[PDB]
């Protein structure tokens, strides 16, 4: 197994880049050409494409066709980055989940068929020309470590392991690298959470190997949709007694446990919203955190990454797509989205939050280099 990111060009998601035209127009109207140009830079930064429901499977083949055309035109080794996010009884510790599959409505079998539909799209002649990096199931297995007092999590534990195992077993190809989601330092980095986390990742991989005999994964994805810095400048008070107080330290502290159980210790790390620290009063604040900045841009450069266990810094959650609505009356209202640290008003989850992106640009660290036309 080799670092699939080296020499590869992660795919710019066209549908995401187009959304940033609104942000460019805002800055232009402010007479702010530097930030308009920084936003153009952001348009050229690769992000992950999320497959968070069955309908979104329809976007995969057009994405692939575009990717192949780009590979032909550019001569790059295109690396398509995807998130698979649709377990049955998804998000078991949340008051509400938008996940479309439910265990009491044939959800386990429906999830397998959803995976099978993804497999078909990733098995075309065009798909074979590309390489894929796929994050498996954010907000899943950490619940088995810390949320087993929750009835829905108790009832979903076996299904989460079996579901992810099927996804792993179904996506063994030379041109696909898989990263199991492993939450973030503030969730699983606490001393007593490290070993059970490593064990559950290994347990899930072992289940996968009972389906497809020599099945492997590349490793883990961390900080997905969160804000934790890679290397903290000013270590925050809420991290007290947690040795995973930034994501680089999460890697360093989790790695020995992975090694002990025989699970691959290679990581990709989301930094898309990690540029600004001191934006939260509690580690568990996650929804549209105000003044978040774009973080370290996607890179494999070891001068920045500074760990043999880290394949790449990546941008998984696409900045500007809302984490949830702030409207108390909304059918999908989540009270976390009115936390004292949240940016309000915020639109429905997934909808474009332009004011938030304006701030992501302004608060980026390192500052964004502008892209000016020739």
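Numbering follows the first chain given and starts at 1.
In this entry, the higher average B-factor at the C-alpha atoms falls on 235 to 243, of the pair 235 to 243 and 104 to 112. Higher mean CA temperature factor between 341 to 349 and 33 to 41: 341 to 349, per the PDB entry. Highest CA B-factor among the listed residues (281, 170, 226, 71): 281. Residue-level inspection of the entry shows that, of 86, 212, 197, 133, 212 has the top Cα B-factor. Ranked within its chain, residue 318 lands in the lowest third, by CA B factor from the PDB record. Among the modelled residues of the chain, residue 299 sits in the middle third by CA temperature factor in this PDB entry. Among the modelled residues of its chain, residue 263 has a C-alpha B-factor that falls in the middle third according to the deposited record. Looking at the C-alpha B-factors along this chain, the one for residue 192 belongs to the highest third. Among all modelled residues in this chain, the alpha-carbon of residue 357 has a temperature factor (C-alpha) in the middle third.
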